[PDB]
Amino acid sequence: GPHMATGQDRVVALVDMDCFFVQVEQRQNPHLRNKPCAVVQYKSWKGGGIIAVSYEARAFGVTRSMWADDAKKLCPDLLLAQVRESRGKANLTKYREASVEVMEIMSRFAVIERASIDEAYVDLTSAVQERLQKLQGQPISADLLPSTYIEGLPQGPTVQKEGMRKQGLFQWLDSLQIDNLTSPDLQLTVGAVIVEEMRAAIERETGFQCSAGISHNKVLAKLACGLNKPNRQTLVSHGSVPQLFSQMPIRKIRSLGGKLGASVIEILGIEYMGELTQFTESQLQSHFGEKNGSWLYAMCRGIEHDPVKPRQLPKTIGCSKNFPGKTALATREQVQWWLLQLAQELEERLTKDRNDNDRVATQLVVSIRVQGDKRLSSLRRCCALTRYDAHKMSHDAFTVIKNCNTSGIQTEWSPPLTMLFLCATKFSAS
DNA sequence: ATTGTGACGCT
DNA sequence: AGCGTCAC
Ligand SMILES: Nc1ncnc2c1ncn2[C@H]1C[C@H](O)[C@@H](COP(=O)(O)NP(=O)(O)OP(=O)(O)O)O1
Ligand SMILES: [Mg+2]
Ligand SMILES: [Mg+2]
């Protein structure tokens, strides 16, 4: 009772841009705005691969990983924007620079952890304490939360979406104990006010819309964020967790979407997150290891301790290209030319990074895939990165991988290569 | 013939 | 260090 921790010590938000690469292209080209449209990589094979889809186009069934020719079968009027190509490969610079725009705005409000090109976690605990003392016990108006959903509400004793949203918000606000600056539900609510302000600033200053989750930890904030995408934010309280988890498939929780989550389902004979509460911590550790078992025991109760790391910049800078089917690289000149292409893009990005961010990479990772291997990477080897020079970097990468050529004659490369990858890592201040 | 990223865990 | 998992 009194000594049972409840995981209500922090306020954590997760901000995720809505159809991000699409919004970047729609900002640039107004003809694409408010249309079914998608962003595509390459074009020659089946029209190119779709990597981002506007919500208008999703209504027709268009998804990421679809070929554009097939997407056009579902949506004949689909508009397409193409990823830029440079040195023979897709170049994501426009989206990385748009991401920096958003992350720099978010960093004005709190320390952020860059989780991907379009999402960041925010630790709002301190900002919430400050705003609470500035308030001085004043109630929180629903006008301060114009895009917020309270998960699980309304409940108890209108048929339009916005009406239900406001009904649930009213129920939440009416029950709130504003006199108590240590109430976790009040703390979440103030967190949600701040996240409204943050999202308004992102939209005002970039044109981009986003969704957000506000809860007590990263896993619940991420789950909350997706509950009412797009252009809305969702508060998941500690009290909402039993009902939310009671019908939540295990695979929806971050880190359980793969083999471990399938083994939880298989070994325990359960389907939903909340069913995990019936096992002891030792039982879960016996099946899934000490770390995973303790994590699952706490997470199915809504408790998680993973901190929002103070890290706004990526810690690796990488460049990779697949060479599928008959395009696999089969000569030494081919392998050299593409390592050079990858190394030149890497040198551009690394020089810009050193100027912007006062750091230098010190290790170069070289990874390849051979034809016939079903694994993503087939070989990874490291070497020293001492100079931001594309020819040196590509020569060094070749020296580290040259022994995997099974061919007798040097001029040929066998078995052919289906992926090349260069990654700069191990940054030091400069 | 998804592709091009990126973080972290295990041994 | 090199390999594997998981997520964008
Ligand atoms: N598998 C992949 N391969 C390449 N690029 C990808 C990718 N997945 C995502 N991207 C790129 C394209 C995406 O625009 C961007 C952000 O990924 P999301 O947040 O998962 N998807 P979005 O923001 O589009 O829609 P939503 O409103 O559901 O958040 O990363
Ligand atoms: Mg997104
Ligand atoms: Mg995202």
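Atoms considered below: every heavy atom in the structure, side chains included; atoms not considered: hydrogens, waters and symmetry mates. Counting starts at 1 for both ligands and their atoms, in listed order. Chain letters run A, B, ... following the sequence lines, proteins first, then strands; residues in each count from 1.
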Determine, for [X] against [Y], whether the closest basic-nitrogen to carboxylate-oxygen distance falls under 4.0 angstrom.
{"X": "A:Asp306", "Y": "A:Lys218", "result": "yes"}
{"X": "A:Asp373", "Y": "A:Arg375", "result": "yes"}
{"X": "A:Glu345", "Y": "A:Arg349", "result": "yes"}
{"X": "A:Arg87", "Y": "A:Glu348", "result": "yes"}
{"X": "A:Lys46", "Y": "A:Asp70", "result": "no"}

Distance under 4.0 Å to a non-hydrogen atom of [X]: what atoms of ligand 1 satisfy this?
{"X": "A:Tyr55", "answer": "26 (P), 27 (O), 28 (O)"}
{"X": "A:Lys229", "answer": "26 (P), 27 (O), 28 (O), 29 (O)"}
{"X": "A:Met17", "answer": "23 (O), 26 (P), 27 (O), 29 (O)"}
{"X": "A:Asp16", "answer": "19 (O), 29 (O)"}

Heteroatom proximity flag, [X] to ligand 1, N/O under 3.5 Å:
{"X": "A:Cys19", "answer": "yes"}
{"X": "A:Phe21", "answer": "yes"}
{"X": "A:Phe20", "answer": "yes"}
{"X": "A:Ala52", "answer": "no"}

side-chain contact (heavy atoms from CB on, under 4.5 Å) involving A:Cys423 - partner list, sequence neighbours excluded: A:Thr316, A:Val365, A:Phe421
Which heavy atom of the protein is the closest neighbour of [atom], given with residue, atom name and distance?
{"atom": "atom 9 (C) of ligand 1", "answer": "A:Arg64 NH1, 4.0 Å"}
{"atom": "atom 17 (O) of ligand 1", "answer": "A:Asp118 OD1, 3.8 Å"}
{"atom": "atom 3 (N) of ligand 1", "answer": "A:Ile51 CG2, 4.3 Å"}

More than 12 heavy atoms from other groups under 6.0 Å of CZ on A:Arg27: yes
A:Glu101 atom CD: more than 12 heavy-atom contacts under 6.0 Å: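 More than 12 heavy atoms, drawn from other residues, nucleotides or ligands, come within 6.0 Å of this atom.
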Shortest heavy-atom approach to atom 26 (P) of ligand 1 - which of A:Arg58, A:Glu119, A:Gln41: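 Selected option, by shortest heavy-atom distance: A:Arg58.
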Residue pairs, two or more places apart or on separate chains, that pass ring-ring contact (aromatic ring centres under 6.0 Å, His included) and touch residues 197-216 of chain A: A:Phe20-A:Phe208
Residue among A:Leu186, A:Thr189, A:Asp123, A:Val190 satisfying side chain to side chain contact (heavy atoms under 4.5 Å, CB included) with A:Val128: A:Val190
Can you give me every donor-acceptor pair (side chain of residues 293-302 of chain A, partner residue at least two apart or in another chain, under 3.5 Å) with its distance?
residue, atom, partner, partner atom, Å
A:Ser294, OG, A:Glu281, OE2, 2.6
A:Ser294, OG, A:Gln285, NE2, 2.8
A:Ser294, OG, A:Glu290, O, 3.4
A:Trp295, NE1, A:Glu304, OE2, 3.1
A:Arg301, NH1, A:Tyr297, O, 3.0
A:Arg301, NH2, A:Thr277, O, 3.0

Cut-off under 2.8 Å, centre the Mg ion (ligand 3), protein N/O/S atoms: A:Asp16 OD2, A:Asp118 OD1, A:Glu119 OE2
Pairwise side-chain contact, A:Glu104 with A:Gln312, heavy-atom cut-off 4.5 Å (strictly under):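 Yes, close enough: below the 4.5 Å cut-off.
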